[PDB]
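Visitor: Take this structure first; my questions come after.
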Amino acid sequence: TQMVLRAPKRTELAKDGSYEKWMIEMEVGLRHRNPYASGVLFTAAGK
Amino acid sequence: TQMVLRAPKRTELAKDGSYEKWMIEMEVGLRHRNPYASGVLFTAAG
């Protein structure tokens with residue numbers, strides 16, 4: 001699952017000048033029910 | 001001709017305290033059809 005605390009949103013930065021600043025912030029986390037519920041197979045040189 | 005790109009607009013900038021800043025910005029330009037269509041005469045007695 002994708003554990004999110006701060007979903008992506010729109011920014012309202014100061015913009016106190018001739019420029020215009022914007023930001024896209026987000027906070028996410030990964031969760032796994034059980035470690036052994038899945039597997040990883042790393043590669044290696046042949047023989 | 002008076003070429004206008006950004007008409008004058010009052011934008012409220014950041015505050016960051018008791019500043020209360022404001023701004024008025026304009027972006028325009030001048031255009032002349034032909035340099036010889038108009039004329040200029042300088043005044044220099046010397």
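Letters A, B, ... mark the chains of the structure tokens in the order given; residue numbers begin at 1 per chain; ligand numbers begin at 1, in order shown.
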Could you list, as a PyMOL selection string, the residues of chain B having an atom within 12 Å of chain A when counting only C-alpha atoms?
Guide: chain B and resi 6+9-16+19-27
Visitor: What does the structure give for the distance between CA of residue 11 (chain A) and CA of residue 18 (chain B), in Å to one decimal?
Guide: 22.9 Å
Visitor: With DSSP run on the backbone, what are the strand (DSSP E or B) residues within chain B? I'd like them as a ChimeraX atom specification.
Guide: /B:2-11,23-30
Visitor: Filtering to C-alpha atoms, could you give me those residues as a compact mmCIF listing (two decimals), in the first residue's frame?
Guide:
# COMPACT_ATOMS: atom_id res chain seq x y z
CA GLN B 2 2.98 52.78 -28.02
CA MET B 3 3.50 49.02 -27.82
CA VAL B 4 1.96 47.64 -24.62
CA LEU B 5 2.81 44.18 -23.26
CA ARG B 6 1.98 44.38 -19.53
CA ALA B 7 -0.61 46.98 -18.57
CA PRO B 8 -0.03 48.67 -15.19
CA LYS B 9 -1.30 46.44 -12.40
CA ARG B 10 -1.08 46.81 -8.62
CA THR B 11 0.06 43.54 -7.02
CA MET B 23 4.03 47.13 -6.36
CA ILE B 24 3.05 48.77 -9.64
CA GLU B 25 4.73 47.37 -12.75
CA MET B 26 4.37 48.37 -16.41
CA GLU B 27 5.98 46.91 -19.54
CA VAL B 28 5.60 49.00 -22.71
CA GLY B 29 7.60 50.01 -25.76
CA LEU B 30 7.78 52.56 -28.55
Visitor: Do you have the CA of residue 1 (chain B)-CA of residue 41 (chain B) distance handy?
Guide: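 Answer for the CA of residue 1 (chain B) to CA of residue 41 (chain B) separation: 20.8 Å.
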Visitor: Please compute the CA of residue 3 (chain A)-CA of residue 23 (chain A) distance, one decimal, in Å.
Guide: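 So the answer is 21.1 Å.
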Visitor: Just the residues within 12 Å of residue 7 (chain A), please, counting only C-alpha atoms, with nothing from its chain fewer than 3 positions along; format it as a PyMOL selection string.
Guide: chain A and resi 2-4+10+24-29
Visitor: Limited to N, CA and C atoms, could you put the picked residues into a file as a PDB file, in the first residue's frame?
Guide:
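As written to disk, selection16.pdb reads:
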ATOM      1  N   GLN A   2       0.262   2.370  -0.342  1.00  0.00           N
ATOM      2  CA  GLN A   2       0.937   3.661  -0.430  1.00  0.00           C
ATOM      3  C   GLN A   2       0.451   4.526   0.727  1.00  0.00           C
ATOM      4  N   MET A   3       1.274   4.635   1.766  1.00  0.00           N
ATOM      5  CA  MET A   3       0.932   5.424   2.945  1.00  0.00           C
ATOM      6  C   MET A   3       1.272   6.885   2.674  1.00  0.00           C
ATOM      7  N   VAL A   4       0.245   7.722   2.552  1.00  0.00           N
ATOM      8  CA  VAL A   4       0.406   9.142   2.264  1.00  0.00           C
ATOM      9  C   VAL A   4      -0.058   9.938   3.474  1.00  0.00           C
ATOM     10  N   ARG A  10      -1.810  22.387  -4.204  1.00  0.00           N
ATOM     11  CA  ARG A  10      -1.383  23.619  -4.849  1.00  0.00           C
ATOM     12  C   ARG A  10      -0.771  24.550  -3.812  1.00  0.00           C
ATOM     13  N   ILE A  24       5.271  21.974  -5.444  1.00  0.00           N
ATOM     14  CA  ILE A  24       4.447  20.771  -5.417  1.00  0.00           C
ATOM     15  C   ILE A  24       5.044  19.864  -4.351  1.00  0.00           C
ATOM     16  N   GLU A  25       4.452  19.872  -3.163  1.00  0.00           N
ATOM     17  CA  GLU A  25       4.934  19.080  -2.041  1.00  0.00           C
ATOM     18  C   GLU A  25       4.091  17.821  -1.882  1.00  0.00           C
ATOM     19  N   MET A  26       4.696  16.807  -1.274  1.00  0.00           N
ATOM     20  CA  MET A  26       4.029  15.525  -1.093  1.00  0.00           C
ATOM     21  C   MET A  26       4.843  14.681  -0.128  1.00  0.00           C
ATOM     22  N   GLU A  27       4.143  13.856   0.648  1.00  0.00           N
ATOM     23  CA  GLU A  27       4.772  12.948   1.600  1.00  0.00           C
ATOM     24  C   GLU A  27       4.111  11.587   1.464  1.00  0.00           C
ATOM     25  N   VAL A  28       4.915  10.558   1.193  1.00  0.00           N
ATOM     26  CA  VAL A  28       4.408   9.221   0.922  1.00  0.00           C
ATOM     27  C   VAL A  28       5.236   8.207   1.698  1.00  0.00           C
ATOM     28  N   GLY A  29       4.632   7.042   1.924  1.00  0.00           N
ATOM     29  CA  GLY A  29       5.315   5.952   2.591  1.00  0.00           C
ATOM     30  C   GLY A  29       4.846   4.622   2.046  1.00  0.00           C
TER      31      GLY A  29
END
